[PDB]
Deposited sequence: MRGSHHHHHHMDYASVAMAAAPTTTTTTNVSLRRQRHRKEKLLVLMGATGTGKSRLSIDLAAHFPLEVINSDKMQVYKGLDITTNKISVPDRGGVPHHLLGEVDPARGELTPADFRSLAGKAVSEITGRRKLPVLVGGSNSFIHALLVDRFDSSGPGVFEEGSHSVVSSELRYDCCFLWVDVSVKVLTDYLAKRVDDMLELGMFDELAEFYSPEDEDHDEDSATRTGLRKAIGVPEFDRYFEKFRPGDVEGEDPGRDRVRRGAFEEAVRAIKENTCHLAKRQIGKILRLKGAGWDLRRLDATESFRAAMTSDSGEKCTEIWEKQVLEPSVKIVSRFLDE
């Protein structure tokens, strides 16, 4: 008896959470987060967690409930926690929907036998892959960094900052857990020089370095995001080698339109037609046979 699982895939910021919520208006469902940074409670802004008002009352799992203090949630920990949630949701007769972009979490969860120390499918999957042209994605991702700063990302990180942390001079790649999130390592470099709340006060040529350091942290964040996007896409392209029937949704014009600070009526129209209507149809057919 192999359970049905909808899987929403795509690089960071391609509108996966959005889509999961729009589909809920058509199908009774519940969401399981598959983004490995979003599993931790904390840095709600920095990690781009979908706001609660925007979840539309949809039930979410594996979203902001792991205590970062307890270390990394390994891919094996995830398989266990999420397989439980898949099982529970189906129990309540709603469709479980895996939403996120950590291909390492998606894979650990979905395979038949997990290769614990790695470094077919356990479920009956439907894969929706939301794709955006790199350039549009890139540009949207830079804009989104600006919206995170405008929302207060910097103050969030200044409050998260702690001199008892021993990884300030280290990249996300080898950091552990929530401290790997894009934005944390970048601003640690800035706070290195300008500790939270520290001011110049009177006559320091220091201003030119403060501005240069801030600016540099911001470009680095946009850049790392852009690079992460590239590695995710290539990675997705490789599962589209291992077979995997990915149903591609082209969100490009939705995003282009979303770039305008007129990101509402126009962006919604396009998305409704180009991304949502097609997904409803695919899921609809997946729920039948």
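J.: Comparing the deposited sequence against the modelled residues, what ranges come up empty for C-alpha?
T.: Residues missing from the model, as numbered along the full deposited sequence, span 1-37, 157-169.
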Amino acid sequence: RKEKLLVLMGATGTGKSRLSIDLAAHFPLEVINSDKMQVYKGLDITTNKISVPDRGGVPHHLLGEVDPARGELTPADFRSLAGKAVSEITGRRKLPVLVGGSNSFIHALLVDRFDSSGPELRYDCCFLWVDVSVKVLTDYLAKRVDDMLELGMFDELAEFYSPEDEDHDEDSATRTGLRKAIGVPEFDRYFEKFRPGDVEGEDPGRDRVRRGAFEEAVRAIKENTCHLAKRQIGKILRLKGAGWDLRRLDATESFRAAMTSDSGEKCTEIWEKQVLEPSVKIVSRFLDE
From here on, numbers count along this sequence of modelled residues.
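J.: Could you check which stretch, 206-214 or 127-135, carries the larger mean CA temperature factor in the entry?
T.: For C-alpha atoms only, the mean B-factor is higher in 206-214.
J.: Would you mind comparing 241-249 and 42-50 for me and telling me which has the higher average C-alpha temperature factor in the entry?
T.: Result of the comparison: 241-249.
J.: Per the coordinate record, which of the options 267, 276, 11, 21 holds the highest CA temperature factor?
T.: Comparing C-alpha B-factors across 267, 276, 11, 21, the top value belongs to 267.
J.: Hey, out of 72, 147, 155, 186, whose CA B-factor is highest in the deposited coordinates?
T.: That would be 72, according to the entry.
J.: Ranked by Cα temperature factor within the chain, is residue 283 in the lowest third, the middle third or the highest third?
T.: It falls in the middle third of the chain.
J.: Please say which third, lowest, middle or highest, residue 109 falls into when its CA temperature factor is compared across its chain.
T.: Middle third of the chain for residue 109's C-alpha B-factor.
J.: Sort the modelled residues of this chain by their C-alpha B factor and say whether residue 58 lands in the lowest, middle or highest third.
T.: Tercile = lowest for this residue's CA B-factor.
J.: By its CA B factor, does residue 30 count among the lowest, middle or highest third of the modelled residues in the chain?
T.: Its C-alpha B-factor belongs to the lowest third of this chain's values.
J.: Splitting the chain's C-alpha B-factors into thirds, which one does residue 96 fall into?
T.: It falls in the bottom third of the chain.
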